[PDB]
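Undergrad: Encoded as structure tokens, here's the structure I'll be asking about.
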Amino acid sequence: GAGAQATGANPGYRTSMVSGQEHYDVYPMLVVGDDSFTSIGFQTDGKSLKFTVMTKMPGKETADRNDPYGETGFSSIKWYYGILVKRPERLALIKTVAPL
Amino acid sequence: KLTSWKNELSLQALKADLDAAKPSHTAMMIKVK
Amino acid sequence: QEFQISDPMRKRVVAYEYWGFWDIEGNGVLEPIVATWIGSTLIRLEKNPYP
């Protein structure tokens, strides 16, 4: 929904609905260059991004004092991410519409 | 750089291995307890 | 599941093996072979090494 108004004269290109209006679609068609950017890593310690996973299964091991009930356990995952663009002159993009 | 090796471990990689390996050990120690 | 070692060279991957008899020369004589592939790539193909 980032194009122009799409009337009944549509030759058959994809559109989308934005608050009671019919608007076209824009598609990237991208080219990555060489040494354009590097991804900042916080304690990734290698190449792959590092996740952090935890799990507390139901049990008395978390019986606490406020509520011995509530056996509901959980599993959580978190990570840090960031990007650095060394040279933004090597990223190319061609916006265009796409057929149905 | 404490050694002459072409590629060295560095402390951070070792701590990464510790952080990766710890979750299994934590789940195991519950049974011993 | 979530355990991944730091160094890529020491990472652990799952591979398959195929021990069997195949007609290598197409004349109908079955000969033992061994084949190994990872993912979708065939990395090894040779006759049975053991005596």
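Computed from the coordinates by the stated procedures, all read-outs in this text should not be read as laboratory data. Every residue, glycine among them, receives a Cβ derived from its backbone with ideal geometry; neighbour counts consider all protein chains shown.
Undergrad: Taking H as built 1.01 Å from N, whose amide H comes closer than 5 Å to the amide H of A:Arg14, not counting residues under 5 places away?
TA: A:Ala98, A:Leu100
Undergrad: Which ³J(HN,Hα) values in Hz, rounded to whole numbers, follow from the phi angles of segment B:3-14 under the Karplus curve 6.51 cos²θ - 1.76 cosθ + 1.60, where θ = phi - 60° and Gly and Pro get x?
TA: Karplus-based 3J(HN,Hα) across segment B:3-14 equals 10, 9, 5, 5, 10, 10, 4, 6, 6, 5, 4, 5 Hz.
Undergrad: Determine the alpha carbon to alpha carbon distance for each of A:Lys95/C:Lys11; A:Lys47/B:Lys33; A:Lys78/B:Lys33; A:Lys56/B:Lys1 and list only those over 30 Å. Could the numbers behind the result be given before it?
TA: Values: A:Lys95/C:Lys11 40 Å; A:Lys47/B:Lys33 37 Å; A:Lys78/B:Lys33 28 Å; A:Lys56/B:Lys1 40 Å.
Long pairs (Cα-Cα over 30 Å): A:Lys95/C:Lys11; A:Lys47/B:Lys33; A:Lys56/B:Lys1.
Undergrad: Now for a separate question. Just to check I understand the Karplus step: with θ = phi - 60° and J = 6.51 cos²θ - 1.76 cosθ + 1.60, what whole-Hz values come out for segment A:56-68, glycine and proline as x?
TA: With coefficients 6.51, -1.76 and 1.60, one gets 10, 6, x, x, 6, 3, 10, 6, 6, 10, 5, 8, x Hz.
Undergrad: Same structure, new question: For segment A:1-99, run through the trypsin sites (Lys or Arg not before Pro) and keep only the ones in DSSP coil with at most 12 other Cβ atoms within 10 Å of their Cβ. Don't skip to the end; give the middle numbers.
TA: Details: sites: A:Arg14, A:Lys47, A:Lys50, A:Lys56, A:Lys60, A:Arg65, A:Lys78, A:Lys86, A:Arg90, A:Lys95; in loops: A:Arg14, A:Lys47, A:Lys50, A:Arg65, A:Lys86, A:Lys95.
Loop-located and lightly packed - A:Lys47, A:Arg65, A:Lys86, A:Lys95.
Undergrad: Towards the positive end of the charge dipole of chain C, with charges on Cβ (+1 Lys, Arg; -1 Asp, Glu), say which of C:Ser40, C:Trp19, C:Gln1 has the farthest Cα.
TA: Selected residue: C:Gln1.
Undergrad: Only sites in a loop by DSSP and with at most 16 other Cβ atoms within 10 Å count here; which trypsin sites (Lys or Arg not before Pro) in chain C make the cut? It would help to have the intermediate numbers written out before the result.
TA: Details: sites: C:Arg10, C:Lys11, C:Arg12, C:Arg44, C:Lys47; in loops: C:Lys11, C:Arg12.
Here the sparse-neighbourhood loop sites are C:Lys11, C:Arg12.
Undergrad: Using the 10 angstrom Cβ neighbour count as an exposure proxy, how do A:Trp79, C:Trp37, B:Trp5 rank, fewest first?
TA: Working: A:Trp79 11, C:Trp37 14, B:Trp5 8.
Ascending number of Cβ neighbours within 10 Å: B:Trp5, A:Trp79, C:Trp37.
Undergrad: Quick one: which residues, 5 or more positions from A:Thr52 or on another chain, have an amide H under 5 Å from its amide H? H modelled 1.01 Å from N in the peptide plane, none for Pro or chain starts.
TA: A:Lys78
Undergrad: What list of ³J(HN,Hα) couplings, whole Hz, do you get for segment A:36-47 from phi and the Karplus terms 6.51, -1.76, 1.60, once you set θ to phi - 60° and write x for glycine and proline?
TA: Once θ is set to phi - 60°, the couplings for segment A:36-47 become 6, 8, 9, 8, 6, x, 9, 6, 5, 6, x, 10 Hz.
Undergrad: Now for a separate question. With only alpha-carbon atoms counted, please give the Rg and Dmax of segment A:1-91, in Å.
TA: 24.6, 69
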